[PDB]
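# Fold and geometry: a report
Here is how the chains run, residue by residue.
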Amino acid sequence: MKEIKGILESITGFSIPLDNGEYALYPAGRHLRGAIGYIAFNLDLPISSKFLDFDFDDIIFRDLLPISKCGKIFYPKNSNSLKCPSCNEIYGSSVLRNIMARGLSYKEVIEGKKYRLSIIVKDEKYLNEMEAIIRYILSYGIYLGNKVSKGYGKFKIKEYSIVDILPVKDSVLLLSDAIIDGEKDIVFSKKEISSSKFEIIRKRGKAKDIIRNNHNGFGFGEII
RNA sequence: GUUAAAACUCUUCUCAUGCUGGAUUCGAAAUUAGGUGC
């Protein structure tokens, strides 16, 4: 049970359009999965062959919450923002920046900031599978958010560290959105290359918050 | 294999107008068409 800890810098800005008009303040781990899925698809790996399944544990992509100036990690309930325990920074809406292109109205979060990579492999076969794509993305670049082909959302890894997992026991604070059948609306997709099938898979669950026993886990539902 | 994928912030618009390198200062200072032969 190892990890892939990483500081990723946005070279180009990124955009993820949640419902009713809201945009993601940070890139989610579902996008870090999806992009690595395309990457493995073109790298001919068994990770690629498995990425169709959502319940695929082993390799789990926690969301990419941002790093503060104090070398630590921002934490989010009822607070559409991010705060850190050093209490130095509030990362929020101000980072959105509305872009009016030709006929296109959308918003993105600006670049120049740093985000976490944390892929908790449990079996070492998929650790080697993950090492190869980490040594790929270090070479070229990963594309998170919409408009990947236009160039939006390039992240360069500055630090590829193969760290080790010490599990957690609590009954804890959700870093992302659990899927318990609570009240948070969580929407995502299952775009299927070599089937020409796209489906928007919608779910409900818990917001990003207070949470209590087994907790055999914890990339929508993450907690620490 | 990312609420994916697709869509260029594009078109139109001359750093242009006004203002003279002008003003001061003499090519002059020195030197016998001289020497020879009714």
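Attention shifts here to the overall build of chain A. Within chain A, the regular secondary structure consists of 3 helices and 10 strands. The secondary structure elements of chain A, listed N-terminal to C-terminal, are β-α-α-β-β-β-β-β-α-β-β-β-β. Scaling as 2.2 N^0.38, a compact globule of 224 residues should have a C-alpha radius of gyration of about 17 Å, and chain A matches this with 17 Å. Based on the C-alpha atoms only, the size of chain A along its principal axes is roughly 45 × 40 × 35 Å.

For the rest of this paragraph, the subject is the packing of aromatic side chains. On the numbers, 5.5 Å between centres and 45° between planes, the contact of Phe14 with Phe155 is tilted. Among the aromatic residues, ring-to-ring pairing joins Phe51, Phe56, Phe61 and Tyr126 into one connected group. Over the ring of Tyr106 we find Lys147, and its NZ or CZ is 3.7 Å from the ring centre.

Residue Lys158 pairs with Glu9 through a salt bridge whose shortest N-O separation is 2.7 Å. Note that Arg204 is salt-bridged to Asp185, the shortest N-O span being 2.6 Å. Remark: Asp185 occurs in strand 9 (residues 184-189) and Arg204 occurs in strand 10 (residues 200-205); sequence separation between them is 19 residues.

The subject of this paragraph is the sheet that holds strand 7 (residues 142-143). Strand order in the open sheet formed by 4 strands is 6-1-8-7, and the pairing between neighbours is antiparallel. Either end of the sheet is taken by a strand with one partner, and the two such strands are strand 6 (114-117) and strand 7. Bridge count for strand 7 against strand 8 (residues 154-157) is 2 bridges, and the pairing is antiparallel. From the neighbouring strand, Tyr143 faces strand 8, where its bridge partner is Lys154.

This part takes up the packing of helix 1 (residues 29-43) against helix 3 (residues 124-137). Geometrically, a packed helix pair is captured by the angle between its two axes and the distance between the axes. Close contact between helix 1 and helix 3 brings their axes to 11 Å; oriented N to C, the two are set at 100°. Relative to helix 3, the element helix 1 lies roughly perpendicular. Contact with helix 1, carried on its side by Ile36, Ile39 and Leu43, involves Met130, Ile133, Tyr136 and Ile137 of helix 3 and no other residues of that element. Classifying every residue of the contact of helix 1 with helix 3 gives 7 nonpolar, no polar and no charged.

Parameters and conventions
Residues numbered from 1 in each chain as written, not as in the entry; some residues may be left out. Chains lettered and ligands numbered in written order. Part of a larger assembly, values for the part shown. Heavy atoms only, no water. Residues with missing side-chain atoms left out of burial classes, pairs and counts. Helix = DSSP H or I, 4+ residues; strand = E, 2+ residues; numbered from the N terminus. Rg over C-alpha atoms; globule rule 2.2 N^0.38 Å. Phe/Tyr/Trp six-rings, centres within 6.5 Å; stacked < 30°, edge-to-face > 60°. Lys NZ or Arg CZ within 6 Å of the ring centre and 35° of its normal. Salt bridge = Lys/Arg side-chain N within 4 Å of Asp/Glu carboxyl O. Pairing = 2+ DSSP bridges. Axes fitted to C-alpha atoms, helices over the stretch in contact; angles between N-to-C directions. Parallel < 35°, antiparallel > 145°, perpendicular 65-115°, else oblique. Contact = heavy atoms within 4.5 Å. Nonpolar A, V, L, I, M, F, W, Y, C, P; charged D, E, K, R; others polar.

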